[PDB]
Structure formats: C-alpha cells, structure tokens
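Chemist: below: the sequence, then the experimentally determined structure.
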Amino acid sequence: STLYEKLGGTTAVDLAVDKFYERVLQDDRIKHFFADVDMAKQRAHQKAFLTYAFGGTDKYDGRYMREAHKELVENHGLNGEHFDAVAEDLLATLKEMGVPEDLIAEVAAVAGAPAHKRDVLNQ
Ligand code: HEM
C-alpha cells in the first residue's frame, strides 16, 4: 500500500490515531459521550474522522447518518461547539508532526465545509 507513502509512513499514521484517541477521552466536554462505549467501534469511528477530514465528501446520501447524530443533538444537546472541539484537536496533532501551516488551513477546509456539518449537526 504505497498510498501511505504520502502520509510519510504507516508508523506515523497509527501514531496520530493513538494520540488523537486519547485527546477525545482527555476532553471532558465530549467524554460523556464516550463515558460508556465499546472501544472496538471507537477505533473505526476515530479512524473515519481523520480520514474524513483529509478527504471528506461535499454531499453524502444516508438519512440513517442524520437519524443517529441528530438524536444526540436533541437528547444530549450536541451543537457546533462540540464539533469544533473535536476538529480543533485534530489541528493540534498536525502541529506536532510539523506539517506546514499552509496545509493545516487547507486540511480544515475539507471538513470545514458546512455541507458536512449540517449532516452531522442536522440543524
Ligand atoms: C463528520 C464526523 C463524523 C462522522 C463521519 C461520523 C460517522 C459515524 C459512523 C459511520 C457511525 C456508525 C458506526 C459507529 O457506530 O461508529 C457513527 C456512529 C456514532 N457517532 Fe459519529 N460521526 C461523526 C461525528 C460524530 C460526533 C461529533 C459525535 C458526537 C460527539 C458522534 C457520535 C456518534 C455516536 C454516539 C455513534 C453511535 C450511534 C450508535 O450506533 O448507537 N459522531 N458515526
């Protein structure tokens, strides 16, 4: 899988997931969501988040996605502030690696698109 070559190696890829994983638990603001959740699923969820940010989709079909995430919005009171916290954490991880600042802005723009936030937030 030479695709990982772009990342700069597979070792670095796992390093980001491992560190990022702890950031979620470290963040008390969203820890309640992960207070009781199977770590197995989290591995995929967190992995998808990083992958989605590096290359999200302008439009995604699937009411099911909104049905679940929206449920959190009304039941747990999830808002854009929560999303920003998770996304902000990702930016910090990139800084540690030393990725040029120019890319950090572009990377955030990928998910920054409100087109993705609406599906998740379902405002
Ligand atoms: C764009 C970002 C996100 C994507 C792409 C995404 C994607 C997914 C996907 C594919 C699932 C189904 C498989 C699974 O259980 O992980 C899922 C489930 C879930 N997501 Fe997300 N998610 C995102 C953001 C969030 C955020 C911000 C929260 C809340 C902080 C969240 C909370 C949940 C919960 C609680 C479930 C479990 C639902 C259940 O099966 O009972 N997700 N997410």
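Modeler: Arrived safely. Numbering: from 1, shown residues only.
Chemist: report how many residues lie close to the residue in the chain that the ligand sits nearest to.
Modeler: Distances between the chain and the ligand by C-beta to the nearest ligand atom are smallest at residue 45, namely 3.8 Å. Where you see a C-beta, it was placed from the backbone N, CA and C, and this is true even at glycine. Residue 45 has 13 neighbouring residues, counting by other C-beta atoms under 10 Å.
Chemist: which residues touch stretch 36-53?
Modeler: The contact list for stretch 36-53 (C-beta atoms under 8 Å, 6 or more residues apart in numbering) reads 16-17, 20-21, 24, 34, 86-87, 90, 107-108, 110-111, 116.
Chemist: what of stretch 15-24?
Modeler: Contacts for stretch 15-24 (C-beta under 8 Å, 6+ apart): 30-31, 34, 42-43, 46-47, 49-50, 86, 89-90, 92-93, 96-97.
Chemist: how far off centre is that stretch?
Modeler: Its chain's C-alpha centre and that of stretch 15-24 lie 11 Å apart, by C-alpha atoms, centre = their mean, to the nearest Å.
Chemist: residues of that stretch that come out buried?
Modeler: 16, 20-21, 23-24 (16 or more other C-beta atoms under 10 Å).
Chemist: so which of those residues is the closest to residue 62?
Modeler: Closest approach between the buried residues of stretch 15-24 and residue 62, by C-beta to C-beta: residue 24, at 23.2 Å.
Chemist: secondary structure element for that closest one, which one?
Modeler: helix 10-26 (DSSP states H and E).
Chemist: what does residue 77 give?
Modeler: Using DSSP H and E, residue 77 falls within no helix or strand.
Chemist: dump the contacts of stretch 36-53 to JSON lines, plus distance to residue 63.
Modeler: Converted to JSON lines, these look like this (distance: C-beta to C-beta, whole Å):
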{"residue": "16", "distance to residue 63": "31"}
{"residue": "17", "distance to residue 63": "29"}
{"residue": "20", "distance to residue 63": "28"}
{"residue": "21", "distance to residue 63": "29"}
{"residue": "24", "distance to residue 63": "26"}
{"residue": "34", "distance to residue 63": "25"}
{"residue": "86", "distance to residue 63": "23"}
{"residue": "87", "distance to residue 63": "24"}
{"residue": "90", "distance to residue 63": "27"}
{"residue": "107", "distance to residue 63": "28"}
{"residue": "108", "distance to residue 63": "27"}
{"residue": "110", "distance to residue 63": "23"}
{"residue": "111", "distance to residue 63": "21"}
{"residue": "116", "distance to residue 63": "16"}
